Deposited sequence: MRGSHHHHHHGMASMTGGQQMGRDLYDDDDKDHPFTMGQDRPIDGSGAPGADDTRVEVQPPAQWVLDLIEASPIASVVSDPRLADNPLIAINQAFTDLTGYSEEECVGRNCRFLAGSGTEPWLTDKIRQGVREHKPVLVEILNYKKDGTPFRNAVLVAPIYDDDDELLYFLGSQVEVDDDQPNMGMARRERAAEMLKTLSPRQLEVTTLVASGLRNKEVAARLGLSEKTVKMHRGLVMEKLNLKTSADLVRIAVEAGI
């Protein structure tokens, strides 16, 4: 588990995981404490496994199916799917799954975040984004969609350092500690 992997998720209070698509079946390579407190699954019993172990009998296949669609298109997707905790108790999981890049902006990975639940988080995220300047929104929209800093820059007619500066600016504006969290807020708002 690279340092950045754990920097990215362990800093988030929301149940979060990271998978590696260059491993067969795109298994998880890390989870944070909140995931364990949500599901009851310890990391030893998650890492190396595809996150489908949260799926069960009532899991609506059409929702599972847009997740796999978002994974293969490399696009963020957010659904409220029926999952099952460790004790077997079913729960409504507002699950985000989004393409994310490592520290070197080289390799693609997948970030998942899970919250037990709705439109309230949506309205919330919308209020947070409303405090950002027009340019910070541009940057936020583009990062959330998966792109690299290099790529976001290319789309705004910017340098990679300027974008970095802007991100740091939104991270402190929104009082966030990890990018995982910013991603989820953008997708929640539809931005």
Item to complete: Would you flag the ranges of the deposited sequence that the structure leaves without C-alpha positions?
Response: 1-60, 178-184
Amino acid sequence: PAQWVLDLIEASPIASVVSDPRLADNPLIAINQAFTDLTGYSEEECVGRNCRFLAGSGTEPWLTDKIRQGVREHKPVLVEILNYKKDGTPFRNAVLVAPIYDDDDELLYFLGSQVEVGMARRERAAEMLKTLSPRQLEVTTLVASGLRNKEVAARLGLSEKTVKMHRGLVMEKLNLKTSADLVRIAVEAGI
From here on, numbers count along this sequence of modelled residues.
Item to complete: Compare the mean C-alpha B-factor of 30-38 with that of 44-52 as given in the PDB entry, and name the stretch with the higher value.
Response: 44-52
Practice prompt. Output the stretch having the higher mean C-alpha B factor in the entry; the candidates are 12-20 and 171-179.
Written response: 171-179
Worksheet item: Highest Cα B-factor in the PDB entry belongs to which of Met165, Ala125, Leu156, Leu63?
Response: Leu156
Response to the item:
Of the three thirds of Cα B-factor ranks in this chain, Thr141 occupies the middle
Worksheet item: Once the chain's modelled residues are ordered by C-alpha B factor and cut into thirds, is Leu108 in the lowest, middle or highest one?
Response: middle
Item to complete: Check where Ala186 lands among this chain's C-alpha B-factors and tell me if it's the lowest, middle or highest third.
Response: lowest
Worksheet item: Sorting the chain's CA B-factors, does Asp102 end up in the lowest, middle or highest third?
Response: highest
Response to the item:
Sorting the chain's modelled residues by C-alpha B-factor and splitting them into thirds places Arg92 in the lowest
